Amino acid sequence: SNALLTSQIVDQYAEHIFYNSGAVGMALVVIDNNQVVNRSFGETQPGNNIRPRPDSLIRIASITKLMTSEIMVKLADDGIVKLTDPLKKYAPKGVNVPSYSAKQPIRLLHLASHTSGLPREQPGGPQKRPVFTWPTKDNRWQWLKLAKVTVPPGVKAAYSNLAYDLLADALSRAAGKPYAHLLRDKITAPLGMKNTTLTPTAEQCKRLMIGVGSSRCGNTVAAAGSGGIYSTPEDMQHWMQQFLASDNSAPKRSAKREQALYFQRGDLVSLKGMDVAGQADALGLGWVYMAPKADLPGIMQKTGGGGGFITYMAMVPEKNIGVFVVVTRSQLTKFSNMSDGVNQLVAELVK
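Count along the sequence shown from 1, add 35, and you get the number used in the entry's author numbering.
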(Lines of atoms letter the chains of each structure in order from A and count residues from 1; the text may use other names and numbers.)
(Lines give C-alpha, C1' and ligand atoms only; values in the text may rest on other atoms or scores of the structure.)
Protein backbone atom coordinates (compact mmCIF):
# COMPACT_ATOMS: atom_id res chain seq x y z
CA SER A 1 0.00 0.00 0.00
CA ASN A 2 0.93 3.67 -0.19
CA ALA A 3 2.84 4.71 2.93
CA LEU A 4 0.33 7.53 3.37
CA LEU A 5 -2.33 4.94 4.28
CA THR A 6 -0.56 1.89 5.75
CA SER A 7 -1.30 2.73 9.41
CA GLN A 8 -4.88 3.72 8.68
CA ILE A 9 -5.51 0.49 6.71
CA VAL A 10 -4.10 -1.64 9.51
CA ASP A 11 -6.38 0.25 11.91
CA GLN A 12 -9.42 -0.72 9.82
CA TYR A 13 -8.73 -4.36 10.78
CA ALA A 14 -6.55 -4.74 13.90
CA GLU A 15 -9.18 -4.18 16.59
CA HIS A 16 -11.68 -6.31 14.62
CA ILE A 17 -9.29 -9.25 14.51
CA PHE A 18 -8.72 -8.77 18.25
CA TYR A 19 -12.42 -8.77 19.18
CA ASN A 20 -13.67 -11.31 16.60
CA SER A 21 -11.00 -13.85 17.58
CA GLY A 22 -12.00 -13.55 21.23
CA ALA A 23 -8.31 -13.00 22.06
CA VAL A 24 -7.09 -12.57 25.63
CA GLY A 25 -4.07 -10.73 24.21
CA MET A 26 -2.81 -10.06 20.69
CA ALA A 27 0.23 -8.77 18.89
CA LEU A 28 0.06 -7.88 15.21
CA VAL A 29 3.08 -7.15 13.04
CA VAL A 30 2.64 -5.63 9.59
CA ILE A 31 5.40 -5.10 7.06
CA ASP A 32 4.49 -3.16 3.91
CA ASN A 33 7.58 -2.22 1.88
CA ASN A 34 9.29 0.52 4.01
CA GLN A 35 6.49 0.69 6.62
CA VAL A 36 6.33 -1.42 9.75
CA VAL A 37 3.17 -1.25 11.81
CA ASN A 38 2.82 -2.87 15.19
CA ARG A 39 -0.34 -3.19 17.28
CA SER A 40 -1.02 -4.93 20.52
CA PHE A 41 -4.28 -5.41 22.37
CA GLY A 42 -5.65 -7.02 25.48
CA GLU A 43 -3.67 -8.56 28.29
CA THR A 44 -0.70 -10.87 28.81
CA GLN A 45 -2.66 -12.93 31.35
CA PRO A 46 -6.46 -13.01 31.82
CA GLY A 47 -7.43 -10.05 34.02
CA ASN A 48 -3.94 -8.59 34.49
CA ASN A 49 -4.54 -5.49 32.37
CA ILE A 50 -0.99 -5.49 30.98
CA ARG A 51 -0.75 -4.93 27.20
CA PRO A 52 1.50 -7.25 25.18
CA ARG A 53 4.86 -5.74 24.23
CA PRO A 54 7.45 -6.22 21.45
CA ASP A 55 9.38 -8.48 23.82
CA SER A 56 6.44 -10.47 25.24
CA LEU A 57 7.34 -14.19 24.84
CA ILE A 58 5.01 -16.24 22.63
CA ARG A 59 4.81 -19.80 21.36
CA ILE A 60 4.91 -19.57 17.56
CA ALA A 61 3.81 -23.22 17.50
CA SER A 62 3.65 -24.65 13.95
CA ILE A 63 5.25 -21.57 12.43
CA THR A 64 8.30 -23.50 13.72
CA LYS A 65 7.99 -25.61 10.54
CA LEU A 66 9.07 -22.70 8.31
CA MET A 67 12.34 -22.46 10.20
CA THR A 68 12.88 -26.23 10.04
CA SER A 69 12.46 -25.98 6.26
CA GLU A 70 14.74 -22.91 6.14
CA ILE A 71 17.43 -24.92 7.87
CA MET A 72 16.97 -27.80 5.43
CA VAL A 73 17.24 -25.39 2.45
CA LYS A 74 20.37 -23.71 3.88
CA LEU A 75 22.03 -27.11 4.54
CA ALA A 76 21.11 -28.16 0.98
CA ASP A 77 22.82 -25.06 -0.40
CA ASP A 78 25.86 -25.96 1.76
CA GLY A 79 25.91 -29.40 0.20
CA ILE A 80 25.25 -30.98 3.63
CA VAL A 81 21.92 -32.61 2.68
CA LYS A 82 19.84 -33.02 -0.46
CA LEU A 83 16.04 -32.57 -0.39
CA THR A 84 15.85 -35.97 -2.11
CA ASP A 85 17.89 -37.81 0.53
CA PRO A 86 16.03 -40.72 2.09
CA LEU A 87 15.38 -40.20 5.80
CA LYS A 88 17.15 -43.54 6.33
CA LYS A 89 20.42 -41.92 5.23
CA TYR A 90 20.35 -39.96 8.51
CA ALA A 91 19.17 -42.81 10.72
CA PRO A 92 21.11 -43.94 13.81
CA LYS A 93 23.51 -46.83 13.21
CA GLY A 94 21.68 -50.07 12.41
CA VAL A 95 18.25 -48.48 12.88
CA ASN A 96 15.60 -49.46 10.34
CA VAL A 97 13.45 -46.83 8.64
CA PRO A 98 10.22 -48.32 7.23
CA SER A 99 9.28 -47.58 3.63
CA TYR A 100 6.23 -48.27 1.50
CA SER A 101 8.45 -50.35 -0.81
CA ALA A 102 12.19 -50.73 -1.43
CA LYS A 103 12.35 -48.23 -4.28
CA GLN A 104 10.01 -45.62 -2.71
CA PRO A 105 11.62 -44.46 0.53
CA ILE A 106 10.50 -41.44 2.52
CA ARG A 107 12.75 -38.54 1.50
CA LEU A 108 13.47 -35.25 3.31
CA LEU A 109 11.26 -33.44 0.77
CA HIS A 110 8.32 -35.69 1.72
CA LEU A 111 8.69 -34.85 5.40
CA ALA A 112 8.77 -31.15 4.58
CA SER A 113 5.73 -31.22 2.29
CA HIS A 114 3.53 -33.53 4.47
CA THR A 115 3.53 -36.27 1.79
CA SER A 116 5.60 -38.92 3.63
CA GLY A 117 2.65 -41.08 4.62
CA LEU A 118 3.50 -40.74 8.32
CA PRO A 119 0.77 -40.14 10.91
CA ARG A 120 0.19 -36.65 12.29
CA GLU A 121 1.58 -37.62 15.75
CA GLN A 122 3.44 -40.65 17.07
CA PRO A 123 0.69 -42.93 18.39
CA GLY A 124 0.39 -43.99 22.01
CA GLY A 125 1.74 -41.11 24.06
CA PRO A 126 1.01 -40.13 27.69
CA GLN A 127 -2.01 -37.96 28.47
CA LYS A 128 -2.02 -34.45 29.94
CA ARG A 129 1.59 -34.00 28.85
CA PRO A 130 2.78 -30.39 28.60
CA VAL A 131 2.65 -29.22 24.99
CA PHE A 132 5.70 -29.77 22.77
CA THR A 133 7.40 -32.22 25.18
CA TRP A 134 6.48 -35.65 23.75
CA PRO A 135 7.62 -37.63 21.88
CA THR A 136 11.34 -37.11 22.52
CA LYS A 137 13.84 -37.82 19.75
CA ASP A 138 14.65 -41.18 21.36
CA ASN A 139 10.92 -41.99 21.58
CA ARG A 140 10.50 -41.24 17.86
CA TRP A 141 13.30 -43.45 16.68
CA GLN A 142 12.27 -46.34 18.95
CA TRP A 143 8.80 -46.12 17.42
CA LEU A 144 9.97 -45.59 13.82
CA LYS A 145 12.13 -48.70 13.80
CA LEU A 146 9.12 -51.00 14.24
CA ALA A 147 6.56 -48.96 12.30
CA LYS A 148 4.94 -49.73 8.98
CA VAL A 149 4.36 -47.33 6.13
CA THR A 150 1.37 -48.27 3.99
CA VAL A 151 0.96 -45.39 1.52
CA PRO A 152 3.60 -44.49 -1.05
CA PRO A 153 5.31 -41.08 -0.61
CA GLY A 154 4.33 -38.01 -2.59
CA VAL A 155 0.75 -39.17 -3.28
CA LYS A 156 -1.30 -37.92 -0.29
CA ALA A 157 -0.76 -34.85 1.88
CA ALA A 158 -1.58 -35.27 5.59
CA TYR A 159 -0.31 -32.60 7.96
CA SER A 160 2.26 -34.07 10.31
CA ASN A 161 4.18 -32.91 13.37
CA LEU A 162 5.95 -36.25 13.79
CA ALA A 163 7.35 -36.03 10.26
CA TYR A 164 8.72 -32.53 10.93
CA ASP A 165 10.48 -33.57 14.16
CA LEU A 166 12.03 -36.53 12.32
CA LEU A 167 13.20 -33.97 9.73
CA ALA A 168 14.85 -31.90 12.50
CA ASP A 169 16.55 -35.10 13.76
CA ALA A 170 17.93 -35.77 10.26
CA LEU A 171 19.16 -32.22 9.76
CA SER A 172 20.90 -32.38 13.16
CA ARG A 173 22.60 -35.66 12.15
CA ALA A 174 23.61 -34.37 8.72
CA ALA A 175 25.22 -31.26 10.26
CA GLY A 176 26.74 -33.06 13.26
CA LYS A 177 25.42 -30.36 15.63
CA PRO A 178 22.49 -30.42 18.06
CA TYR A 179 19.35 -28.94 16.44
CA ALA A 180 19.29 -25.96 18.83
CA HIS A 181 22.78 -25.09 17.54
CA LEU A 182 21.50 -25.11 13.95
CA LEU A 183 18.58 -22.84 14.86
CA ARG A 184 21.05 -20.51 16.56
CA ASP A 185 23.72 -20.57 13.83
CA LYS A 186 21.55 -20.56 10.71
CA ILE A 187 18.70 -18.32 11.87
CA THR A 188 18.55 -16.54 15.22
CA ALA A 189 22.13 -15.41 15.91
CA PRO A 190 22.79 -13.79 12.53
CA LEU A 191 19.51 -11.87 12.92
CA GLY A 192 19.89 -10.93 16.60
CA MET A 193 16.68 -12.78 17.54
CA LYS A 194 17.76 -12.94 21.13
CA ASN A 195 14.44 -14.25 22.42
CA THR A 196 13.93 -17.06 19.93
CA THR A 197 14.62 -20.38 21.52
CA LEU A 198 13.65 -23.95 22.42
CA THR A 199 15.23 -23.55 25.87
CA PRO A 200 13.76 -20.44 27.60
CA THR A 201 15.40 -19.00 30.72
CA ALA A 202 13.43 -18.09 33.85
CA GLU A 203 13.67 -14.42 32.83
CA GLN A 204 12.22 -15.31 29.43
CA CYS A 205 9.52 -17.58 30.85
CA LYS A 206 8.28 -14.76 33.09
CA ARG A 207 7.39 -12.90 29.87
CA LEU A 208 5.33 -15.70 28.27
CA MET A 209 1.74 -14.61 27.55
CA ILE A 210 -1.09 -16.71 28.99
CA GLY A 211 -4.47 -17.73 27.63
CA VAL A 212 -6.89 -20.65 27.92
CA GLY A 213 -5.10 -24.00 27.59
CA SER A 214 -1.72 -22.63 28.71
CA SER A 215 1.01 -25.01 29.86
CA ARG A 216 4.21 -24.55 31.80
CA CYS A 217 7.07 -22.74 30.09
CA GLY A 218 9.92 -25.20 29.65
CA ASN A 219 12.30 -26.98 27.31
CA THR A 220 10.54 -27.83 24.02
CA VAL A 221 13.45 -29.38 22.14
CA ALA A 222 11.25 -32.49 21.71
CA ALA A 223 9.22 -30.55 19.13
CA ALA A 224 12.26 -28.74 17.68
CA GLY A 225 11.09 -29.39 14.11
CA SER A 226 7.29 -29.18 14.37
CA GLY A 227 6.17 -26.62 16.92
CA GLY A 228 8.29 -25.89 20.01
CA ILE A 229 9.90 -22.53 19.16
CA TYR A 230 9.34 -19.59 21.54
CA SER A 231 9.82 -16.11 20.14
CA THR A 232 8.60 -12.50 20.47
CA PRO A 233 6.73 -10.14 18.12
CA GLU A 234 9.93 -8.13 17.53
CA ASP A 235 12.03 -11.25 16.77
CA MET A 236 9.36 -12.48 14.35
CA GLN A 237 9.25 -9.07 12.68
CA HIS A 238 12.99 -9.36 11.92
CA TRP A 239 12.62 -12.93 10.58
CA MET A 240 9.64 -12.10 8.33
CA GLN A 241 11.44 -9.02 6.97
CA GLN A 242 14.05 -11.28 5.29
CA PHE A 243 11.38 -12.42 2.80
CA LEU A 244 10.45 -8.88 1.82
CA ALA A 245 12.30 -6.15 -0.09
CA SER A 246 12.44 -2.56 1.14
CA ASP A 247 14.18 0.56 -0.10
CA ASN A 248 17.21 -0.45 1.95
CA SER A 249 17.08 -4.24 1.89
CA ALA A 250 16.65 -7.17 -0.52
CA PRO A 251 15.23 -10.57 0.54
CA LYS A 252 17.72 -13.07 1.96
CA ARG A 253 19.51 -15.24 -0.62
CA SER A 254 17.52 -18.38 0.23
CA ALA A 255 14.03 -16.75 0.25
CA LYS A 256 12.84 -18.01 -3.14
CA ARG A 257 14.17 -21.52 -2.51
CA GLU A 258 12.51 -21.56 0.89
CA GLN A 259 9.22 -20.64 -0.76
CA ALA A 260 9.43 -22.99 -3.76
CA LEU A 261 6.24 -25.02 -4.42
CA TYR A 262 6.50 -28.78 -4.82
CA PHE A 263 2.95 -30.08 -5.09
CA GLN A 264 -0.04 -28.47 -6.81
CA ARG A 265 -3.34 -29.52 -5.14
CA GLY A 266 -4.24 -31.47 -8.29
CA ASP A 267 -0.93 -33.40 -8.18
CA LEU A 268 -2.15 -35.15 -5.03
CA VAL A 269 -4.71 -37.88 -4.53
CA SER A 270 -5.91 -36.29 -1.31
CA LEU A 271 -5.07 -33.58 1.25
CA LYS A 272 -5.75 -33.65 4.99
CA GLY A 273 -5.09 -30.89 7.48
CA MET A 274 -3.82 -28.44 4.83
CA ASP A 275 -6.85 -26.11 4.53
CA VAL A 276 -7.04 -24.42 7.96
CA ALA A 277 -6.76 -20.83 6.59
CA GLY A 278 -8.47 -21.58 3.26
CA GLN A 279 -8.02 -24.04 0.40
CA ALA A 280 -4.38 -24.98 -0.21
CA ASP A 281 -3.70 -24.65 -3.94
CA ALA A 282 -0.07 -25.66 -3.63
CA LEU A 283 2.22 -27.13 -0.98
CA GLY A 284 5.74 -25.87 -0.38
CA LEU A 285 8.30 -26.66 2.27
CA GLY A 286 6.06 -26.00 5.23
CA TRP A 287 4.70 -22.94 3.39
CA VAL A 288 1.25 -23.17 1.84
CA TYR A 289 0.10 -21.22 -1.22
CA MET A 290 -3.48 -20.05 -1.79
CA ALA A 291 -4.22 -18.80 -5.28
CA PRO A 292 -6.09 -15.52 -5.84
CA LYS A 293 -9.81 -16.03 -5.43
CA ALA A 294 -12.86 -13.88 -4.81
CA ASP A 295 -11.45 -10.70 -3.31
CA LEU A 296 -8.19 -12.23 -1.99
CA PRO A 297 -4.70 -12.02 -3.56
CA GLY A 298 -2.37 -15.01 -3.96
CA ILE A 299 -1.03 -15.65 -0.46
CA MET A 300 1.91 -17.62 1.03
CA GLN A 301 0.98 -18.64 4.59
CA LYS A 302 1.36 -20.89 7.58
CA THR A 303 -0.96 -21.43 10.58
CA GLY A 304 -0.09 -22.57 14.10
CA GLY A 305 -1.75 -23.50 17.38
CA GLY A 306 -0.55 -24.81 20.73
CA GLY A 307 -0.59 -24.30 24.49
CA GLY A 308 -3.22 -21.57 24.27
CA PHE A 309 -1.54 -19.68 21.40
CA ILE A 310 -2.73 -19.41 17.82
CA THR A 311 -0.50 -17.88 15.17
CA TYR A 312 -0.68 -17.01 11.49
CA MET A 313 1.72 -15.54 8.95
CA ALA A 314 0.48 -14.43 5.54
CA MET A 315 2.46 -12.70 2.82
CA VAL A 316 2.46 -11.50 -0.79
CA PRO A 317 6.24 -11.49 -1.44
CA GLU A 318 6.03 -9.85 -4.88
CA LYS A 319 4.34 -6.91 -3.16
CA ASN A 320 6.69 -6.81 -0.13
CA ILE A 321 3.80 -7.30 2.25
CA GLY A 322 3.67 -9.63 5.20
CA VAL A 323 1.51 -9.96 8.28
CA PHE A 324 2.23 -11.94 11.42
CA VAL A 325 -0.31 -12.33 14.19
CA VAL A 326 -0.32 -14.09 17.53
CA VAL A 327 -3.30 -14.48 19.88
CA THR A 328 -3.77 -16.10 23.23
CA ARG A 329 -7.08 -17.96 23.16
CA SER A 330 -10.17 -17.52 25.23
CA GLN A 331 -12.74 -20.31 25.40
CA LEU A 332 -14.74 -19.05 22.38
CA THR A 333 -11.70 -18.39 20.11
CA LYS A 334 -12.10 -19.73 16.57
CA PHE A 335 -8.89 -19.80 14.51
CA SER A 336 -10.30 -18.67 11.16
CA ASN A 337 -11.87 -15.62 12.83
CA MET A 338 -8.30 -14.47 13.27
CA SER A 339 -6.90 -15.70 9.94
CA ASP A 340 -9.81 -14.50 7.75
CA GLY A 341 -9.26 -11.01 9.20
CA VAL A 342 -5.54 -11.09 8.39
CA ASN A 343 -6.26 -12.26 4.84
CA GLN A 344 -8.71 -9.40 4.35
CA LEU A 345 -6.15 -6.95 5.74
CA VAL A 346 -3.56 -8.29 3.29
CA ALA A 347 -6.14 -7.88 0.50
CA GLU A 348 -6.59 -4.21 1.41
CA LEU A 349 -2.82 -3.63 1.66
CA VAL A 350 -2.08 -4.97 -1.83
CA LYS A 351 -4.45 -2.41 -3.35
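We put the CB at the ideal spot given by N, CA and C, even for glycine.
Minimum C-alpha distance to residue i - residue among the options
i: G342; options: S250, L384, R88, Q277; result: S250
i: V65; options: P89, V323, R242, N283; result: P89
i: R142; options: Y125, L296, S207, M335; result: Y125
i: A58; options: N378, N69, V361, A382; result: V361
i: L318; options: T41, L306, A182; result: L306
i: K328; options: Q314, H149, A237, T119; result: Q314
i: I345; options: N69, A96, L40; result: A96
i: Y265; options: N73, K138, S56, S91; result: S91
i: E293; options: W322, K212, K229; result: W322
i: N372; options: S42, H51, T41, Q47; result: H51
i: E269; options: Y297, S207, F370, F359; result: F359
i: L206; options: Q162, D113, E238; result: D113
Same chain, Cβ closer than 6 Å to residue i, five either side skipped, listed in chain order
i: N254; result: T234
i: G357; result: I66, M275, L279, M350
i: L320; result: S104, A147
i: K183; result: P133
i: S151; result: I141, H145, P188, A198
i: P81; result: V59
i: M325; result: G313, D316, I334
i: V190; result: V304
i: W178; result: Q157
i: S195; result: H149, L153, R155
i: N355; result: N68, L279, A280
i: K221; result: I106, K109
i: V247; result: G343, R364, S365, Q366
i: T223; result: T231
i: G340; result: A96
i: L101; result: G321, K337
i: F370; result: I345
Whole-angstrom C-beta distance between residue j and residue i, which should lie under 8 Å
i: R164; j: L201; result: About 19 Å; that fails the 8 Å criterion.
i: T103; j: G260; result: 5 Å
i: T99; j: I245; result: Not quite, the Cβ-Cβ distance comes to about 20 Å (not below 8 Å), so this is no contact.
i: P332; j: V385; result: 5 Å
i: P170; j: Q157; result: 5 Å
i: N131; j: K180; result: 5 Å
i: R219; j: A193; result: Not a contact, Cβ separation roughly 31 Å.
i: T267; j: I93; result: 6 Å
i: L226; j: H273; result: 5 Å
i: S289; j: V108; result: 5 Å
i: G301; j: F167; result: Contact flag wrong, Cβ pair sits at about 34 Å.
i: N55; j: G376; result: 6 Å
Buried/exposed call for residue i, threshold 16 Cβ in 10 Å
i: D204; result: buried
i: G77; result: buried
i: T185; result: exposed
i: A257; result: buried
i: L39; result: exposed
i: residue 425; result: Nothing can be reported for residue 425: it is not among the residues displayed for the chain, which extend from 36 to 386.
i: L367; result: exposed
i: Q336; result: buried
i: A49; result: buried
i: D282; result: exposed
i: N83; result: exposed
i: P213; result: exposed
i: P87; result: buried
Sequence-distant residues of the same chain with beta carbon closer than 7 Å to residue i, five excluded per side
i: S374; result: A312, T338, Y347
i: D120; result: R142, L143
i: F53; result: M61, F76, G77
i: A382; result: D330, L331, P332
i: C252; result: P235, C240, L243
i: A210; result: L110, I115, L217
i: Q277; result: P286, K287, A290
i: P127; result: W176
Close-in-space but distant-in-sequence residues of the same chain around residue i (CB under 8 Å, 5 per side omitted)
i: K117; result: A111, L143
i: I44; result: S36, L380, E383, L384
i: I85; result: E78, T79
i: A295; result: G319, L320
i: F298; result: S148, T150, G189, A192, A317, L318
i: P161; result: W169
Contact test: residue i Cβ vs the ligand MG heavy atom, cutoff 6 Å
i: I222; result: With respect to small molecules bound, the structure shown includes none, and the ligand MG cannot be examined in it.
Item to check | Sequence ranges, beta strand (DSSP E) only - wholly within the segment 295-325, length at least 3 | outcome: When DSSP assignments are scanned along the segment 295-325, the uninterrupted stretches of beta strand (DSSP E) that are 3 or more residues long and fall wholly within it turn out to be 296-299, 305-307, 317-319, 323-325.
Item to check | Start-end ranges of the alpha helix (DSSP H) lying completely within the segment 162-231, minimum 4 residues | outcome: Listed in chain order, they are 172-179, 196-210, 214-217.
Item to check | Complete beta strand (DSSP E) runs within the segment 69-128 (minimum length 3 residues, chain order) | outcome: With a minimum length of 3 residues, the continuous beta strand (DSSP E) runs that stay inside the segment 69-128 are 70-77.
Checklist entry - Taking the runs of the alpha helix (DSSP H) that are 4 residues or longer, which of them lie wholly in the segment 232-285? => result Listed in chain order, they are 237-240, 268-276.
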